[PDB]
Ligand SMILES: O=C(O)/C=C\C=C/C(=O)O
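In the block that follows, a single chain appears as structure tokens, in the form solved without ligand CCU.
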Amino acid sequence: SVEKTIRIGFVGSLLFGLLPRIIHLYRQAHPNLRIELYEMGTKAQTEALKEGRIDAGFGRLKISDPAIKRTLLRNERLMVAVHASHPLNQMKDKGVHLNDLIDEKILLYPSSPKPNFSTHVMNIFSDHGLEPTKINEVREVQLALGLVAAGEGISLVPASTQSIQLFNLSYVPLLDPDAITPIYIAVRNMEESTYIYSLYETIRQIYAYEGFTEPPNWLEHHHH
């Protein structure tokens, strides 16, 4: 039965955060439902939603398209991943600011088409008249972390990346209040299905276990 299927797209690195918990609870509440999961970048999720290849997309930025709509789930703090012997690691307990990083070799990611996660990272530098002088782009966050640990530079990464711990890799807090990164759930620009409204309530439940406080105008409910 094609009607009893829900297909979900997601950026791969979100598996380091709350997404697996959400999927686990969703499956527990829906043993009847065939749930299919597809890794894809935020840009690619738009075309997949428009074409009906997926029904909801977990992404890391807003890319405006009239066929799609979205809800901001939350913002994650950014950390600076450094080698433990880097001078910046002496500020591990308290943190650093974006302006401390301008002359460092920074590893951006992913390498998938623009805009992507790295676009916002470069924007927050520009927003404050900061011009990083040494940038390299790598394939994905786990490669960036391994390179940092090998001595290749530093990288700005979501806080949930701390699920990965490597010898002599250290995560330093980034103190600028706008040094954060968004998580969105995107769907077709139409009324959500029963199954998608059910996914929204699963997210609400997981976020409540995590102690987050939701605004009034957050995830929409079904109306008459």
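Think of the rigid core as the biggest set of C-alphas that the two forms share within 1.5 Å after superposition. Just count from 1 along the sequence shown to find any residue number.
A second form of this protein, the form solved in complex with ligand CCU, is not displayed here; the remarks below concern that form.
Peer 1: In the deposited bound form, which of the stretches 110-118, 82-90, 147-155, 124-132 has residues with heavy atoms within 4.5 Å of ligand CCU?
Peer 2: So the stretch in question is 110-118.
Peer 1: Would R60 count as touching ligand CCU in the deposited bound form under a 4.5 Å heavy atom rule?
Peer 2: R60 belongs to the contact set for ligand CCU.
Peer 1: With a cut-off of 4.5 Å between heavy atoms, is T42 one of the residues that contacts ligand CCU in the deposited bound form?
Peer 2: Yes - in the deposited bound form, heavy atoms of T42 and ligand CCU come within 4.5 Å of each other.
Peer 1: Under a 4.5 Å heavy atom criterion, is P20 part of the interface with ligand CCU in the deposited bound form?
Peer 2: No, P20 is distant from the partner.
Peer 1: Does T202 make contact with ligand CCU in the deposited bound form, using a 4.5 Å heavy atom cut-off?
Peer 2: Although ligand CCU is absent here, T202 would stay clear of it in the deposited bound form, with no heavy atoms inside 4.5 Å.
Peer 1: Going through 65-90, which residues have a heavy atom within 4.5 Å of ligand CCU in the deposited bound form? Please give them in sequence order.
Peer 2: Contacts from 65-90: none.
Peer 1: State which of the options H97, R77, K92, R74 undergoes a Cα shift of 2 Å or more between this form and the one not shown, taking the core as fixed.
Peer 2: Everything else stays below 2 Å; the exception is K92.
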